[PDB]
């Protein structure tokens, strides 16, 4: 072995020039696609409000054109998935994970149009789903597209170009380059064997994607929370306890998302017409709640600054938590194209904030700010449910810019990921791939 090792060391970090240039073009295309995707969602959300203004007089007609306008867009999205690309339902991260294991096909001629336009209907109708789902899968397929077009061969180029596209897709959804690359390293690469995924190529593709995002999005941040307080050493034990609550809730929530996928399947049996009409009712429920109680609907990014500043009463927060647990399961478990990643950020923020309001009243000697627990809890469901704690921490950091909370954020994440293990939970994305691959041999 020592013979082989010395040879490998002297040849380390020599990514083929062909792979690098292709990673650059992969990120450039993924950025534009993710930019256009977000602009599409916003343009459709625009129309929905402008329509509610032209009909803001007939409150009964108001609530109905809210339901109908969103049910149609939802149905359009469900239809596009079942009809032309069945593996473009839900998140899409499990599909790309499979592809890196060489166990799932990348039907890019099918998924790119389906996921793109499918998400516009589900995301644009105001469903509780994230943009990252689409853009990671959209971004992975795009990396496959240029591998095929330019007929590059080898396991490396196939695994690399697919990986950089998925990372570039996550970056563009959050303006988070560091979180994009860490996600490939910690959660999405094949977890049980070596692979030739080139990190330097994932970097290039993530940069180019992020540059594309900044050209059409500058001066405005996804989540602006200001500068919060620091966290004294004698307050840290409060963050470990918060993680422990997330550690027991994580798997319980994983049961429900998996379990409600099954329960919702009974409703339509698999029939493209009963399914689409069910997705039309879930998509319509959201467009109604989206007007009569916005915090119960949507990705949840808007309610994060409001919650983090302690601007919600304790009563409202628990409602929002319960409501958003319902609408998140109903939307993601239904099979609609879109992620569950971002809605889980809102769940962690809301839950943390409530915990912080209790801590403020139990320990006045600590001079606490509830916002600091919202920031530590924001990525804690990520740590307990998908079990990617290093990515959640760096993703929340990159979006909130409160580095002085790095230690309480890490302690909350560990308590979550330790207690999720000890309460018998599994990584959701790995557990969805598991159930998907278990139907492919029965």
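Positions refer to the first chain, counted from 1.
**Q** Which wins on mean Cα temperature factor, 392 to 400 or 43 to 51?
**A** Averaged over C-alpha atoms, the B-factors run higher in 43 to 51.
**Q** 221 to 229 versus 285 to 293: which one carries the higher mean Cα B factor per the record?
**A** Per the PDB record, 285 to 293.
**Q** Can you tell me which of 205, 310, 169, 352 has the maximum CA B-factor listed in the PDB entry?
**A** Going by the entry's C-alpha B-factors, 310 comes out highest.
**Q** Looking at 76, 174, 216, 237, which has the highest CA B-factor as recorded?
**A** Result of the comparison over 76, 174, 216, 237: 76.
**Q** Would you mind checking where the Cα B-factor of residue 363 ranks among the modelled residues of its chain, as the lowest, middle or highest third?
**A** For residue 363, the deposited C-alpha B-factor lands in the lowest third.
**Q** By the recorded C-alpha temperature factor, relative to the other modelled residues in its chain, which third is residue 109 in?
**A** As the PDB entry reports it, the C-alpha B-factor of residue 109 lands in the middle third of its chain.
**Q** Determine, from the deposited record, the chain-internal third of the Cα B-factor for residue 82: lowest, middle or highest.
**A** For residue 82, whose C-alpha B-factor we compare with every modelled residue in the chain, the answer is the highest third.
**Q** Please place residue 382 in the lowest, middle or highest third of its chain by C-alpha B factor as given in the entry.
**A** Middle third by C-alpha B-factor.
**Q** Could you look up the Cα B-factor of residue 96 in the entry and say which third of the chain it sits in: lowest, middle or highest?
**A** Lowest third, going by the recorded CA B-factors of the chain.
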